[PDB]
Every structure is written in C-alpha cells, then in structure tokens.
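S.K.: Its first residue numbered 94, the sequence shown is counted upward by one per residue in this note's numbering.
Okay, handing you the structure first.
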Amino acid sequence: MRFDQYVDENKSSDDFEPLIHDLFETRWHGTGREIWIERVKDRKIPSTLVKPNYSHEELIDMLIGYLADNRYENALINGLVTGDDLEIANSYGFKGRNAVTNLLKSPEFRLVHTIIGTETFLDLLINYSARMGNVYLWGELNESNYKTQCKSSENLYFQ
Numbered sequence: 094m095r096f097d098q099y100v101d102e103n104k105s106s107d108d109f110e111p112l113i114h115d116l117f118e119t120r121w122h123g124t125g126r127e128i129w130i131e132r133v134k135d136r137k138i139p140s141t142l143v144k145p146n147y148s149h150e151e152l153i154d155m156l157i158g159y160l161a162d163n164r165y166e167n168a169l170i171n172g173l174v175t176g177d178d179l180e181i182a183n184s185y186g187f188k189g190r191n192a193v194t195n196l197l198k199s200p201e202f203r204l205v206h207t208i209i210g211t212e213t214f215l216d217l218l219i220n221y222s223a224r225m226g227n228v229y230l231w232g233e234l235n236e237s238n239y240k241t242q243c244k245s246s247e248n249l250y251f252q
C-alpha cells in the first residue's frame with residue numbers, strides 16, 4: 094500500500110491528526126507517496142523489542158542488528174585492499190550496512206513510530222518491507238534463495 098496511507102492505516106490512535114497532517118506533507122516533497130510498503134514475511138512481534146525502552150536512533154540501529162544474525166554466505170572482510178579506493182570512501186564518505194539508519198533516523202520516521210507504535214514499527218521493519226522508487230528501504234533479507242524467486246505455499250480452500 095501507499096507509504097502515506099500506511100501511516101493512517103496502522104495508526105494506533107486517531108489523536109495524531111496533527112502529526113498525520115504534517116507528516117503527510119512529505120507526500121509532496123520527500124518521497125511520501127513514492128514509497129510502497131508490503132508484507133514480505135509472516136512473523137510475530139518479539140517481546141524483547143517492545144518491553145525495553147530504546148531511543149529513536151538507538152532503536153533504529155539496535156533493530157537492524159536484531160535481524161542481522163548473518164552477514165554474507167561467502168567469506169567476508171577476509172583481507173584489506175590498499176589503494177585510492179580508501180581515499181574515495183574517506184572523501185566521499187562511504188556508508189555501511191547502517192545506511193537505512195540515516196533515513197529511519199529522519200524526523201519523518203519519528204511520527205510513524207509514534208502513530209503506528211513500537212509493536213507496529215518493529216513489525217513494519219521486520220515483517221514488512223518498504224519500496225522507494227527503484228530501491229528497497231527496509232532491505233530484503235532473502236539470501237536462502239538459490240535459483241527460484243519465491244515459493245508457492247499450500248492452497249487453502251473454503252471451510
């Protein structure tokens with residue numbers, strides 16, 4: 094569904110009218126309606142990501158680590174490469190796997206979590222996925238995929 098609409102959809106409280114009105118303003122400028130959110134996986138909200146009191150930036154970075162049990166299937170950070178490439182990263186300032194944190198840390202996302210709540214916020218990032226134009230915001234975690242894209246689940250007739 095639409096990113097903007099998603100906010101009003103998972104809104105825990107309607108009292109956030111002012112927050113939604115201002116938050117929705119991003120639709121014009123700020124990839125508000127340009128983002129599509131959908132459920133990529135069917136899971137449940139953990140009690141360890143809601144009980145503890147985390148901070149905005151802290152929760153964002155901490156949450157990423159929650160679903161980051163494995164990095165890469167092949168050897169990673171085996172060795173260091175010397176060259177001008179490092180200069181590029183130092184000058185241009187290359188970002189790591191915590192790139193999503195920058196977008197999530199944005200004030201716009203602060204309202205979302207507030208409106209949808211933590212349980213929905215975590216679920217949205219873990220259970221669901223966000224699509225921004227030609228790039229994935231949440232970031233797909235499908236690595237087990239060998240050759241096939243998705244698997245067809247068993248059909249469920251009517252009772």
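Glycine residues also receive a C-beta, built at the ideal position from the N, C-alpha and C atoms.
Between which two residues does the beta strand (DSSP E) carrying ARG132 extend?
M.R.: 128 to 132
S.K.: Can you tell me which residues form a DSSP beta bridge with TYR221?
M.R.: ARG132
S.K.: List the endpoints of the continuous alpha helix (DSSP H) containing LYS144.
M.R.: Under the DSSP assignment, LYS144 falls outside any alpha helix (DSSP H); it carries neither an H nor an E label.
S.K.: What runs of the alpha helix (DSSP H), each 4 residues or longer, lie entirely inside the segment 134 to 218?
M.R.: With a minimum length of 4 residues, the continuous alpha helix (DSSP H) runs that stay inside the segment 134 to 218 are 149 to 159, 177 to 181 and 192 to 198.
S.K.: Could you check what DSSP says for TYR99 in three-state terms: helix, strand or coil?
M.R.: helix
S.K.: Could you tell me the boundaries of the alpha helix (DSSP H) in which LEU234 lies?
M.R.: Looking at the DSSP string, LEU234 is not in any alpha helix (DSSP H), and its letter there is neither H nor E.
S.K.: Compare the beta carbon distance of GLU201 and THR141 with 7 Å and say whether it is the shorter of the two.
M.R.: No, Cβ-Cβ distance for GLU201 and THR141 is not below 7 Å.
S.K.: Do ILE138 and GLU233 have their C-beta atoms within less than 7 Å of each other?
M.R.: no
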